[PDB]
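S.K.: Take a look at the following structure, please.
Cβ placement follows ideal geometry from the backbone for every residue including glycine, while neighbour counts extend to all protein chains displayed. Each value in this text was obtained by applying a stated rule to the coordinates, not by laboratory testing.
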Amino acid sequence: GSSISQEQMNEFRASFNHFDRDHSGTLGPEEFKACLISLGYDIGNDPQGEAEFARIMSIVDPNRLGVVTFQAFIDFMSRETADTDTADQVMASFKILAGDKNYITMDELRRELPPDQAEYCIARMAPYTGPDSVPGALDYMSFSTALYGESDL
């Protein structure tokens with residue numbers, strides 16, 4: 001949980017691919033900086049953008065290679081996306097860990113999003129009372145078609 005959606009990695013890969021027509025797999029510090037703008041970042045020829053870009057280049061390239069890889073900008077994106085989610089990635093992730101069962105426990109889903117994101121998930125996930133049921137059993141498969149946190153929406 002707390003990660004990229006299918007549509008998110010789509011535009012991330014596409015923008016790096018749009019700017020990196022050489023398919024080197026890496027671009028320069030200015031090229032990748034303008035590549036963020038394509039996603040909606042105010043980081044381009046602005047002194048504030050330069051000030052935060054200075055942080056970014058130090059993370060993706062502490063070796064001062066003078067280049068940034070697709071995976072390297074993702075390394076910091078993973079830190080900023082820590083406190084946010086989308087319905088796509090949260091439902092998708094449960095199926096990976098609960099593919100062994102037909103349901104999820106509150107304990108198991110807390111591994112995916114340990115902060116209050118888990119509590120916000122329990123507040124919508126359908127309850128489970130099947131043969132393998134435990135007091136914290138929730139049917140994640142069911143969540144896709146039914147939720148109760150927004151019953152009056």
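S.K.: So the check is Cβ under 7 Å with 6+ separation or different chains; which pairs have a first residue in the range 127-153 that's closer than 10 Å to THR105 by Cβ and a second one that's part of a strand (DSSP E or B) and of a type in the set (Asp, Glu)?
M.R.: Sorted first by the residue in the range 127-153, then by its partner, the pairs are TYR128/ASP139.
S.K.: Hey, could you check the range 58-75 for residues that are within 21 Å of the chain's Cα centre (by Cα) and of a type in the set (A, V, I, L, M) and say which is surrounded by the most Cβ atoms within 10 Å (Cβ to Cβ)?
M.R.: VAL68
S.K.: Moving on to the next point. Could you list, in sequence order, all residues of the range 120-134 that are of a type outside the set (S, T, N, Q), out of contact with any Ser or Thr (no Cβ under 9 Å at 6 or more places or on another chain) and over 17 Å from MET91 (Cβ atoms)?
M.R.: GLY130, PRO131, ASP132
S.K.: Considering only the range 78-108, how many residues are of a type outside the set (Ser, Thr, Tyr) and buried (at least 17 other Cβ atoms within 10 Å of the Cβ)?
M.R.: 7
S.K.: Being touching a helix residue (DSSP H, G or I) at 6+ places or on another chain (Cβ under 6 Å) and over 15 Å from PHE12 (Cβ atoms) narrows it down to one residue among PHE53, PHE70; which is it?
M.R.: Answer to the selection: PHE53.
S.K.: Looking at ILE43, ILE59 in this structure, which one is more than 30 Å from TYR148 (Cα to Cα), touching a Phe, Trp or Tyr at 6+ places or on another chain (Cβ under 6 Å) and not in a loop (DSSP other than H, G, I, E, B)?
M.R.: Being more than 30 Å from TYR148 (Cα to Cα), touching a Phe, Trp or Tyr at 6+ places or on another chain (Cβ under 6 Å) and not in a loop (DSSP other than H, G, I, E, B) holds for just one of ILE43, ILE59, which is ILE59.
Rundown of residues vs (1) over 27 Å from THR84 (Cα atoms); (2) among the hydroxyl-bearing types (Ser, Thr, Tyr), yes/no style:
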| residue | (1), (2) |
| --- | --- |
| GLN8 | no, no |
| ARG13 | no, no |
| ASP20 | yes, no |
| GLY28 | yes, no |
| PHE32 | no, no |
| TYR41 | no, yes |
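S.K.: Quick check on the range 25-36. Is at least one of its residues basic (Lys, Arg), assigned to a helix (DSSP H, G or I) and surrounded by 16 or more Cβ atoms within 10 Å (Cβ to Cβ)?
M.R.: Yes, the range 25-36 has at least one match.
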